[PDB]
Structures are given as C-alpha cells and as structure tokens.
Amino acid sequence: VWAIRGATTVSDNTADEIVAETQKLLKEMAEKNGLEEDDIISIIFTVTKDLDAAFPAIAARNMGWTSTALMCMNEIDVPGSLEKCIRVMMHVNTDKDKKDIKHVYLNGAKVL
C-alpha cells in the first residue's frame, strides 16, 4: 500500500479539457507504475478554484473505472499558486517498494 501523486494543467476552464487532461494523467500514472483498476484502492482529485466546469472523476468513469472509490475537492486556496491545476492522489495495492513509485507531473504542473 503506497500513494501516487499526479498533477497537470488545463488552458481553459472547460469540461472537455478538465476531463481530457485528467484522463491523460490517470492513464500515465497507471502505465508508469504498471497498474490496472483492481490495484487501485482510492483516487482523490483536487482542482484550483479557477476550475469549475466538471468533476475530474468523469475521466475515471470514461476509462471504465467504475469499481473504485473516488472523491473530488478543491485545492487549498493559496493566492499566487499554480493556476488551472488538477491534482491526483491515488492509493494502490502494489508489489513495488515506495522508492520505486513514479509520480507524474504534466503540462504546467512540471514546476510542481
């Protein structure tokens, strides 16, 4: 049982971009760590307050991840912080060591 972090950005506050950018992040998180849905314990999503167009969880439902516990919140509101940012915390049952976990930072979130 370890936890994996993801982050990415969107250009615009639209449903399709929030969903598309999230799905890409979830897809990369799974591939890089060799995961399938039944390895995954839970997925927590946050968006910054400037995003309100859609639940990022839609992306997991698109992928067919309908048996996994999901939760969507807003990121802590810190003036001056990275805008238009979606973050993921995924708890996983895995045979890998914590040192070998691969956290995914995409698009504007590469600044962390």
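The numbering used is simple: start at 1 and walk along the sequence shown.
The mean Cα B-factor in the deposited entry runs higher for 26 to 34 than for the other of 26 to 34 and 42 to 50. Ranked against the other modelled residues of its chain, the C-alpha B-factor of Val19 as given in the entry falls in the middle third.
Among the modelled residues of its chain, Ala7 has a C-alpha B-factor that falls in the lowest third, as given in the PDB entry. Annotation for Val88: C-alpha temperature factor in the lowest third relative to the rest of the modelled chain, per the entry.
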